[PDB]
Amino acid sequence: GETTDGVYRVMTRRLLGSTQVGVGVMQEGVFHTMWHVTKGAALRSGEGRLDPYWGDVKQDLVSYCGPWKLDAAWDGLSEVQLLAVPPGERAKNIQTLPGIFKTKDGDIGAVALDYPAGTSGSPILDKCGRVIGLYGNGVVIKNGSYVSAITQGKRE
Amino acid sequence: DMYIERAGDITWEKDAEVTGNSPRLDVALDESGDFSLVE
Ligand SMILES: Cc1cc(CO)c2cccc(NC(=O)[C@H]3C[C@H](N)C3)c2n1
């Protein structure tokens, strides 16, 4: 299959036409996405098969072909870019200064950008181009608007 | 049965559209990995 580093769409044919269910990142031979996208199902890369290697429903993360590789973190100060990949639409950077999720277990970066559910797994970048986490797990606020977490795994 | 198609490189793009706010939110995370608003 195609193993070139970069961002990919997650497609199924099981429904009407071809449906984009999410997005992911390929880095160092490993494909990174959110658990609610694939539910831990295997994936096809042309004729290649991708098999789940690690995953945690609580983190809402999953990795294919190897351990989670993305270990970059928001610095707490700088603007970021969401590399959004919406269904049927071209990849598109959106610069933003992230907010904060305050939890009993500590503070998480957050991005206030509403996109379709099928955008889940789109990466968030720092100024040096490194992936600081994935978009697609968050909350609906008083308004009705969506705020994603900046979700990041641990590199072992 | 799910498949992947490439959609771009991962690069910072200077003079991208700058937008969205920066809200500070009290949230909880349950065992199903769903966030909720504490109030
Ligand atoms: C209601 C809603 C809305 C939008 C856009 O309007 C969404 C956009 C991306 C991802 C979503 N899902 C999640 O936050 C997680 C919660 C599960 N683990 C899936 C969205 N949910």
Side-chain angles (χ1 to χ4, degrees), chain A residues 7-12 14-15 18-25 31-41 43 52 54-64 68 70 74 80-96 98-125 131-154, chain B residues 2 4-5 7-8 10 17 19-39:
Chain A
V7 61
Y8 293 66
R9 306 169 185 260
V10 174
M11 306 297 309
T12 172
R14 206 181 45 79
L15 268 54
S18 305
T19 304
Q20 164 161 341
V21 285
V23 182
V25 172
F31 187 63
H32 307 74
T33 181
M34 306 216 90
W35 182 278
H36 78 273
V37 173
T38 67
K39 314 281 188 222
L43 304 176
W54 169 82
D56 191 310
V57 157
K58 184 157 180 197
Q59 290 183 56
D60 193 36
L61 295 188
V62 55
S63 72
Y64 292 74
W68 190 275
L70 310 179
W74 187 32
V80 301
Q81 281 178 31
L82 172 63
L83 184 42
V85 181
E89 297 186 8
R90 178 162 56 272
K92 170 188 45 172
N93 298 68
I94 315 278
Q95 185 150 327
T96 199
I100 302 270
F101 280 177
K102 299 172 184 173
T103 75
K104 60 186 265 283
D105 291 306
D107 283 338
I108 328 178
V111 294
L113 304 168
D114 198 334
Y115 285 95
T119 318
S120 295
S122 305
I124 294 157
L125 325 178
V131 190
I132 55 161
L134 307 193
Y135 174 92
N137 193 39
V139 62
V140 178
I141 56 165
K142 286 155 74 90
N143 332 0
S145 188
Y146 179 83
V147 181
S148 172
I150 307 174
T151 306
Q152 183 62 296
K154 195 191 169 222
Chain B
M2 300 181 167
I4 77 183
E5 328 192 289
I10 297 161
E17 177 184 19
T19 184
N21 50 307
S22 315
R24 295 156 177 282
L25 285 177
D26 288 333
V27 299
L29 177 58
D30 72 15
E31 204 171 73
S32 316
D34 304 326
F35 287 106
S36 51
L37 292 169
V38 172
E39 271 279 13

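Residue numbering restarts at 1 for every chain, and letters A, B, ... go by the order of the sequence lines. Each ligand, and each atom within it, is numbered from 1 in the order the structure gives.
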What's the shortest heavy-atom distance between [X] and [Y], and which atoms?
{"X": "A:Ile150", "Y": "A:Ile108", "value": "O-CG2, 3.5 Å"}
{"X": "A:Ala91", "Y": "A:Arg9", "value": "N-NH2, 4.5 Å"}
{"X": "A:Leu61", "Y": "A:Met34", "value": "CD2-CE, 3.8 Å"}

**Request:** Ignoring hydrogens and angles, state whether a donor on the side chain of A:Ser148 or A:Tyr115 is under 3.5 Å from an acceptor on the partner side chain.
**Result:** no
**Test item: side-chain donor near acceptor, A:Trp54 and A:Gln59, under 3.5 Å** = no
**Item:** Location of contacts on A:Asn137 toward ligand 1, heavy atoms closer than 4.0 Å
**Value:** both
**Asked** Between B:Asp34 and ligand 1, which residue portion shows a heavy-atom distance shorter than 4.0 Å: side chain, backbone, both, or neither?
**Response** side chain
Starting from [atom], what is the nearest protein heavy atom, named by residue and atom, and what distance separates them?
{"atom": "atom 12 (N) of ligand 1", "value": "A:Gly136 O, 3.4 Å"}
{"atom": "atom 3 (C) of ligand 1", "value": "A:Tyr146 CD1, 3.9 Å"}
{"atom": "atom 6 (O) of ligand 1", "value": "A:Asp114 OD1, 2.5 Å"}
{"atom": "atom 8 (C) of ligand 1", "value": "A:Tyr115 O, 3.6 Å"}
{"atom": "atom 9 (C) of ligand 1", "value": "A:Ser120 OG, 3.5 Å"}
{"atom": "atom 1 (C) of ligand 1", "value": "A:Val140 CG2, 4.2 Å"}

**Request:** Would you check the N or O atoms of A:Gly138, main chain and side chain alike, for any that come under 3.5 Å of an N or O of ligand 1?
**Result:** yes
**Message:** I'd like to check which ligand 1 atoms, numbered from 1 as shown, lie under 4.0 Å from a non-hydrogen atom of A:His36.
**Reply:** 19 (C)
**Prompt:** What are the atoms of ligand 1, with element, lying closer than 4.0 Å to any heavy atom of A:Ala117?
**Reply:** 8 (C), 9 (C)
**Asked** Do A:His32 side-chain atoms and A:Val25 backbone N/O form a donor-acceptor pair below 3.5 Å?
**Response** yes
**Prompt:** Is any side-chain heavy atom of A:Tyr135 less than 4.5 Å from a side-chain heavy atom of A:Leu83?
**Reply:** no
**Request:** Would you check whether A:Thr119 reaches within less than 4.0 Å of ligand 1, judged by its heavy atoms?
**Result:** no
**Request:** List the steps and the verdict of side chain to side chain contact (heavy atoms under 4.5 Å, CB included) for A:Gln20 and A:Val10.
**Result:** CA-CA 6 Å; A:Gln20 164 161 341; A:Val10 174; over 6 Å; no
